[PDB]
$ cat model_12.cif   # mmCIF, C-alpha atoms and all ligand atoms
data_start
loop_
_atom_site.group_PDB
_atom_site.id
_atom_site.type_symbol
_atom_site.label_atom_id
_atom_site.label_comp_id
_atom_site.auth_asym_id
_atom_site.auth_seq_id
_atom_site.Cartn_x
_atom_site.Cartn_y
_atom_site.Cartn_z
ATOM 1 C CA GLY A 1 -42.798 19.982 87.697
ATOM 2 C CA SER A 2 -41.010 21.785 90.519
ATOM 3 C CA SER A 3 -39.110 24.178 88.253
ATOM 4 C CA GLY A 4 -37.215 24.504 84.985
ATOM 5 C CA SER A 5 -34.479 26.478 83.244
ATOM 6 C CA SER A 6 -33.178 27.079 79.721
ATOM 7 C CA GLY A 7 -31.596 29.610 77.382
ATOM 8 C CA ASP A 8 -31.925 30.213 73.647
ATOM 9 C CA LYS A 9 -30.677 28.242 70.643
ATOM 10 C CA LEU A 10 -29.596 30.102 67.505
ATOM 11 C CA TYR A 11 -27.267 29.890 64.506
ATOM 12 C CA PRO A 12 -24.368 32.347 64.059
ATOM 13 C CA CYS A 13 -23.468 33.629 60.593
ATOM 14 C CA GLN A 14 -20.162 34.572 58.964
ATOM 15 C CA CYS A 15 -21.121 38.246 59.177
ATOM 16 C CA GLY A 16 -21.870 37.777 62.865
ATOM 17 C CA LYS A 17 -25.667 37.784 62.867
ATOM 18 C CA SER A 18 -27.646 34.899 64.358
ATOM 19 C CA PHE A 19 -30.669 33.140 62.863
ATOM 20 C CA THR A 20 -33.250 30.830 64.436
ATOM 21 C CA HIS A 21 -32.685 28.131 61.815
ATOM 22 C CA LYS A 22 -29.589 26.795 60.052
ATOM 23 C CA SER A 23 -31.068 27.174 56.567
ATOM 24 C CA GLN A 24 -31.731 30.851 57.278
ATOM 25 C CA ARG A 25 -28.146 31.384 58.431
ATOM 26 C CA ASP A 26 -26.659 29.370 55.566
ATOM 27 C CA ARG A 27 -28.362 31.348 52.799
ATOM 28 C CA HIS A 28 -26.777 34.421 54.386
ATOM 29 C CA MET A 29 -23.359 32.753 54.308
ATOM 30 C CA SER A 30 -23.405 31.735 50.643
ATOM 31 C CA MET A 31 -24.526 35.238 49.675
ATOM 32 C CA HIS A 32 -21.576 36.759 51.537
ATOM 33 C CA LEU A 33 -19.051 35.146 49.193
ATOM 34 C CA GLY A 34 -18.270 36.901 45.924
ATOM 35 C CA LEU A 35 -20.588 35.884 43.094
ATOM 36 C CA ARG A 36 -20.759 38.834 40.700
ATOM 37 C CA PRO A 37 -18.868 42.153 40.456
ATOM 38 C CA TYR A 38 -22.159 43.984 39.915
ATOM 39 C CA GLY A 39 -24.774 44.037 42.660
ATOM 40 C CA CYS A 40 -28.048 45.935 42.949
ATOM 41 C CA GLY A 41 -27.942 47.739 46.283
ATOM 42 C CA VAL A 42 -31.669 48.409 46.016
ATOM 43 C CA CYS A 43 -33.383 45.017 45.877
ATOM 44 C CA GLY A 44 -30.531 42.547 46.253
ATOM 45 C CA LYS A 45 -29.806 41.387 42.712
ATOM 46 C CA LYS A 46 -26.528 40.814 40.868
ATOM 47 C CA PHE A 47 -25.142 40.548 37.335
ATOM 48 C CA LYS A 48 -21.916 39.327 35.733
ATOM 49 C CA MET A 49 -21.789 42.161 33.199
ATOM 50 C CA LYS A 50 -22.354 45.882 33.752
ATOM 51 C CA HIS A 51 -24.957 46.173 30.992
ATOM 52 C CA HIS A 52 -26.836 43.194 32.431
ATOM 53 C CA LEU A 53 -27.365 45.165 35.642
ATOM 54 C CA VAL A 54 -28.483 48.398 33.978
ATOM 55 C CA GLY A 55 -31.349 46.684 32.184
ATOM 56 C CA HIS A 56 -32.555 45.852 35.687
ATOM 57 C CA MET A 57 -31.612 48.993 37.616
ATOM 58 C CA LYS A 58 -34.043 50.836 35.345
ATOM 59 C CA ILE A 59 -36.688 49.326 37.621
ATOM 60 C CA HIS A 60 -35.451 51.264 40.653
ATOM 61 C CA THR A 61 -34.180 54.425 38.961
ATOM 62 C CA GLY A 62 -36.110 57.558 39.876
ATOM 63 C CA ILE A 63 -35.691 60.965 41.494
ATOM 64 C CA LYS A 64 -36.414 61.286 45.214
ATOM 65 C CA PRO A 65 -38.465 64.461 45.817
ATOM 66 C CA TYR A 66 -38.926 63.524 49.473
ATOM 67 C CA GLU A 67 -35.923 63.417 51.806
ATOM 68 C CA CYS A 68 -35.548 63.030 55.572
ATOM 69 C CA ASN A 69 -34.151 65.753 57.830
ATOM 70 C CA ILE A 70 -32.135 63.754 60.361
ATOM 71 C CA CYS A 71 -30.620 60.999 58.220
ATOM 72 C CA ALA A 72 -31.386 62.967 55.057
ATOM 73 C CA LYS A 73 -32.548 59.675 53.546
ATOM 74 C CA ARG A 74 -34.216 59.618 50.128
ATOM 75 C CA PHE A 75 -37.634 58.094 49.443
ATOM 76 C CA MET A 76 -39.642 57.914 46.217
ATOM 77 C CA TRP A 77 -42.914 56.955 47.904
ATOM 78 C CA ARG A 78 -44.870 59.398 50.065
ATOM 79 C CA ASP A 79 -46.485 57.092 52.623
ATOM 80 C CA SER A 80 -43.086 55.524 53.301
ATOM 81 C CA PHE A 81 -41.324 58.893 53.215
ATOM 82 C CA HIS A 82 -43.470 60.457 55.939
ATOM 83 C CA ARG A 83 -44.049 57.129 57.687
ATOM 84 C CA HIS A 84 -40.287 56.881 58.202
ATOM 85 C CA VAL A 85 -39.420 60.525 58.870
ATOM 86 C CA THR A 86 -42.196 60.557 61.468
ATOM 87 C CA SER A 87 -40.240 58.071 63.580
ATOM 88 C CA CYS A 88 -36.743 59.063 62.459
ATOM 89 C CA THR A 89 -37.487 62.285 64.340
ATOM 90 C CA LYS A 90 -39.256 60.790 67.356
ATOM 91 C CA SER A 91 -35.860 59.588 68.577
ATOM 92 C CA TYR A 92 -34.019 62.725 67.468
ATOM 93 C CA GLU A 93 -36.387 64.791 69.611
ATOM 94 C CA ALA A 94 -35.492 62.781 72.713
ATOM 95 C CA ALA A 95 -31.878 63.859 72.226
ATOM 96 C CA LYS A 96 -32.800 67.407 71.213
ATOM 97 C CA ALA A 97 -33.171 68.121 74.931
ATOM 98 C CA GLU A 98 -33.955 71.683 73.850
ATOM 99 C CA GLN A 99 -34.801 72.438 77.481
ATOM 100 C CA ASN A 100 -33.835 69.207 79.240
ATOM 101 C CA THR A 101 -30.876 69.664 81.586
ATOM 102 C CA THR A 102 -28.983 66.470 82.412
ATOM 103 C CA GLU A 103 -28.869 66.539 86.212
ATOM 104 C CA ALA A 104 -26.623 63.983 87.913
ATOM 105 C CA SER A 105 -28.282 60.829 89.244
ATOM 106 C CA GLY A 106 -28.869 59.850 92.860
ATOM 107 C CA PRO A 107 -26.229 57.561 94.405
ATOM 108 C CA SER A 108 -26.889 54.466 96.515
ATOM 109 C CA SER A 109 -25.704 54.002 100.100
ATOM 110 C CA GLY A 110 -26.586 50.325 99.832
HETATM 111 ZN ZN ZN B 201 -24.414 36.804 57.354
HETATM 112 ZN ZN ZN B 202 -32.801 45.647 41.916
HETATM 113 ZN ZN ZN B 203 -34.806 59.442 58.672
#

$ encode --input "model_12.cif" --output "structure tokens" --more "lines below"
Ligand SMILES: [Zn+2]
Ligand SMILES: [Zn+2]
Ligand SMILES: [Zn+2]
Amino acid sequence: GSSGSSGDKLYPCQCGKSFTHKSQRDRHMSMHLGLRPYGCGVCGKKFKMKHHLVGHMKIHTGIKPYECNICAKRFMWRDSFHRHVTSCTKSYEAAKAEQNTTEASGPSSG
């Protein structure tokens, strides 16, 4: 074994994403197509009728007392609310550059 080389095998999807397996990429392709006019943008469900969806949406319904500051996202749970916001800011701070002047970079003479 002197040496070896290789890349990475994956499976592209209609949307553009790439999965490790074909079955994982396929399921994402069939879902893309239009199945029902009503779709639950909370869990990932769907219903033919509008009333058929409501009887299910009642499982997600609920006021969001906790909301982010950067993305202003809404979260019903506390642990998740803070758990997310905590990071959501981490990055924001980096950009804040409250007192971080962007000084040009050093060139290269070769
Ligand atoms: Zn896809
Ligand atoms: Zn749902
Ligand atoms: Zn956020």

$ residues_near_ligand --input "model_12.cif" --ligand "ligand ZN 202 (chain B)" --cutoff "9 Å" --atoms "only C-alpha atoms and all ligand atoms" --output "NGL selection string"
:A and (39-46 or 53 or 56-60)

$ residues_around --input "model_12.cif" --residues "residue 30 in chain A" --least-positions-apart "6" --cutoff "12 Å" --atoms "only C-alpha atoms" --output "MDAnalysis selection string"
chainID A and resid 13:15 23:24

$ residues_near_ligand --input "model_12.cif" --ligand "ligand ZN 201 (chain B)" --cutoff "12 Å" --atoms "all atoms listed in the file" --output "PyMOL selection string"
chain A and resi 11-19+22-33

$ closest_residue --input "model_12.cif" --among "A:90, A:73, A:78, A:96" --to "ligand ZN 203 (chain B)" --atoms "all atoms listed in the file"
A:73

$ closest_residue --input "model_12.cif" --among "A:87, A:61, A:6, A:101" --to "ligand ZN 203 (chain B)" --atoms "all atoms listed in the file"
A:87
